[PDB]
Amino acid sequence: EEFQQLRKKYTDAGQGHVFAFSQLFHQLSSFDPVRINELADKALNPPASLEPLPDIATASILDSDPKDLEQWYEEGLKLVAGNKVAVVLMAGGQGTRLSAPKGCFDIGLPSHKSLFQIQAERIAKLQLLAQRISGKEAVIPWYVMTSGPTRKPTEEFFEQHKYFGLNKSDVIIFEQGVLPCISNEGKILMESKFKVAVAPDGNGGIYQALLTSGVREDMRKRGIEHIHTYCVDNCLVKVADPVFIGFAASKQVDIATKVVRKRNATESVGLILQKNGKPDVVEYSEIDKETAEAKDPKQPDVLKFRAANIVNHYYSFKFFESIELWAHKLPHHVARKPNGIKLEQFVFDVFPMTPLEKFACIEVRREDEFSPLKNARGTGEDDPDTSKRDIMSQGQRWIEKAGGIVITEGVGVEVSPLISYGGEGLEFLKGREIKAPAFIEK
């Protein structure tokens, strides 16, 4: 009846094969088969000039003036105190490459805290450091962007931990768009017959997702003016980092990015770059050996092209307000996964559309800021062990810097975010001994 109305519209569009054979009816009613055809069509039928970003657009935790760094931290913490700052978490992944949602993974710290909890606590701590200047509660909304599979386990998990101390009203879980799977000839793939194989539409899907879910409208009501985005797998992420916030808003950019230093020319890292006079992210493959090896004229101890992308972004709210102008302009790329294709928009494809003066980039310290969880244990790289080690190494550093004496007879100290957000506030440990492995907690 109504069912056959659907089977007609899909068959007319060359996708009647998915009705070949009751939940299907509903899954398929959420898809425009024609729009699938459009994206499959444009995606299946589509010597660049590379230069570093302008020095006017770049800063460095390592190299910039301690005077500017301190001031940016202060201004960024001002913005947090005025409830102007928001975080959008990219939390789509599952832990299958390592089960549960990725943010639930326990990399094996002494506390056994998940990634979600570690991040929540950095938010809690940061609002508390902001309160010391505002005099009142500070609120950083945490918009958690999940995939379809992860939405309910994420909700139940945050519910089971009582939202890690934050107000339920300040943790907003929501969903990014999805697309069916499609074969090599653009025909929708069938996971089983009772359900379409689907997938999330790339980290570029965030922009449209901010509208559909009502997240942008919620930010508007709150007076949000600055937004930090990152991926849940960065176990060291400085959530809502004031130095980043302060930097970007002092230059009043639409978009800013965080990088770490590429130190050896052969590292396979994406680079934030001027590609054809536009800001862009360039894969390592499109980088020539000469340009990869090029040393900086004004600094031969470092490489010319050294801004290694870590998917860690800043946006103005004004920029979000403009999404309706260009959101359609964003191509759905092809992700081959030898049977099929995944149409994925790319978060950075909007970069070249940004005027150069509206774009900025800050290099940060790897060991304090980027330890990605990507691989199973024993891999030796981007795994729970390197993640564990980076956090416990940072913890020992912070302590030792404030005068603590850490003793290792077998390494590192887990410092809870609630005690210290970024190494501050540890003078109480001056003089005392600590037997590593150890765990410092509120």
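Numbering starts at 1 and follows the sequence shown.
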Absent coordinates between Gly410 and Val411 - deposited residues affected, binned into four classes:
1 to 3
Select one of none, 1 to 3, 4 to 9, or 10 or more to describe the deposited residues without coordinates separating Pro46 and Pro47.
4 to 9
Higher of the two mean Cα B-factors (271-279, 224-232; per PDB record) comes from 271-279
Comparing 55-63 with 374-382, the higher average Cα temperature factor in the PDB entry belongs to 374-382
Tell me which of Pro141, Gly165, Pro110, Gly340 tops the list for C-alpha B factor in the record.
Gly340
From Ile123, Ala307, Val178, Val171, pick the one with the largest CA B-factor in the entry?
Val178
Splitting the chain's C-alpha B-factors into thirds, which one does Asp218 fall into?
middle
Mind checking which third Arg35 falls in for C-alpha B-factor across the chain?
middle
If you rank every modelled residue in this chain by C-alpha B factor, which third holds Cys104: lowest, middle or highest?
middle
Lowest, middle or highest third: which one holds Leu69 when the chain's residues are ordered by CA B-factor from the entry?
middle
Can you work out whether the C-alpha temperature factor of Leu418 puts it in the lowest, middle or highest third of the chain?
lowest
